[PDB]
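Take a look at this one chain, the form solved without the ligand, written out in structure tokens.
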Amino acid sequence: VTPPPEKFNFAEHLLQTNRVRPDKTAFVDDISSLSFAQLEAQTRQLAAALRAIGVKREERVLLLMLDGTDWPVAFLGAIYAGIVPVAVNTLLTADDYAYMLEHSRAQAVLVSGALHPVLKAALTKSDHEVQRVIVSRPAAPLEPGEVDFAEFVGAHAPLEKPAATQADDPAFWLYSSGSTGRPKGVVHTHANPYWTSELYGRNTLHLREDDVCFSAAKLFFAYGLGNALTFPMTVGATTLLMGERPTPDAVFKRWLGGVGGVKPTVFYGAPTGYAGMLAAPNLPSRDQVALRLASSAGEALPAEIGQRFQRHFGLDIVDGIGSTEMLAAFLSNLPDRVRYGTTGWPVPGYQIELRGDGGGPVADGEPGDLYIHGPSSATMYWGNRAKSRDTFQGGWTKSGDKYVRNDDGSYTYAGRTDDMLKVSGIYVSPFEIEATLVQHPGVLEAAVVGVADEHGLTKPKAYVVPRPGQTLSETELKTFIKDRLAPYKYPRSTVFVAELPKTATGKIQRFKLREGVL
């Protein structure tokens, strides 16, 4: 892959590479569609519009939007102007977005109407710098200083040229949560999604122009941002977007061509979603779908899930591992080389190192801390020098995963190095769940650990000590949590115990809980 030139604007790059296919559908969703030419026009008009409201090069805007045709316009339009979009999870709380507004110093927000209430709450509680709110598909009357996204785009002529950005200039942020502390602002350059889209989207997945890409992982996920934006635009594929929650029924409807007159040829999702789909009694037969490639990320793919999918569809699930920090997969199975129970082989262009506690090599078959050297690494966590130095050093990026290298060069996930859980491809801190449970007045202590279901898919499991003189229901706690945290941050099962296992120091013996002693 040829490196991007020193002067490089990733949005310009994606627009330019599709000037040969102006009338092909770039993006289609439930209610709208954009050809590549329409996408380019709206992108450059939004770029002009953002500059007109005074957002300057390198300033941030918050992109808080459901998947839909407006999303790539917002993302690329900002980048084309040299403005840094901060693309965020749409399922978070007002508290979460309040922090993101403050930390990013976002000068404007591009928000879906359905998310306007939580954004409004975040704006009211925060010390933000937001000058304008741009509402895509408003679901309530606009407030002062808010503008409809279509009107905002429609009111400005296209910017003539992209900002004169450098390949190594920041292009966009994603936020990544760790086990404690605030979410980290992961800074990606213009070059980074070029490298992922070439090394992985084109050269590993072999995406091509006639594909129809459809990702259950939303665009704000590093995974989905490649799957359903940077990858397909790099090759001219058509992308199906879906705003609603990706349930088996919702995915099946898209697979069967229920939207846009298109049948996806390439699907991406999390192992949990594949398992839920394989269990569904209305699972389509392979004769009904156009799938040629099934991609997985976000959590390890149990061999039994992939084997069952392959038996039913005659397609493998191609499991790869990426991270927010590396932007896309650095270890992956190949479309025609799948070893279930492993994450496959280094993606060409990425170097992988496993390190033991001494920082030295580890023997094959022994677990080591996974480090990645690749051209798509984020530059830093914005405003967190300490965590940046711990994660990014000397061209190597520390994943916080443990991995085993097998005899055939494949890599098998061996767990985390920080108790983070990955439920449905989204990071979940067990400590955040625990601290919310203990706020319930009937809870004395609580411990949340990751426990595999029969499938080998890790889910949060709560061990709760009730307070004497109170009785607790499991649903009572789930509700209590949903009233405070994002809606997916709840234990999948809860066991009430008289006492938690602890060391002499009072430290909870989480391994005993995981291992099932109680």
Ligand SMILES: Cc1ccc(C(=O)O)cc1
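Position 1 is the first residue in the sequence shown; the rest follow in order.
Not pictured, yet referred to below: the form solved in complex with the ligand.
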Going by heavy atoms within 4.5 Å, which of 128-136, 110-118, 244-252, 204-212 lines up against the ligand in the deposited complex?
-> 244-252
Could you spot which one of 74, 88, 378, 217 gets a heavy atom to within 4.5 Å of the ligand in the deposited complex?
-> 217
Would you kindly say which of 97, 267, 80, 172 lies with a heavy atom within 4.5 Å of the ligand in the deposited complex?
-> 267
Find out whether any non-hydrogen atom of residue 273 is located within 4.5 angstroms of the ligand in the deposited complex, and reply yes or no.
-> yes
Do residue 233 and the ligand share at least one heavy atom pair within 4.5 Å in the deposited complex?
-> no
Any chance residue 277 has a heavy atom within 4.5 Å of the ligand in the deposited complex?
-> yes
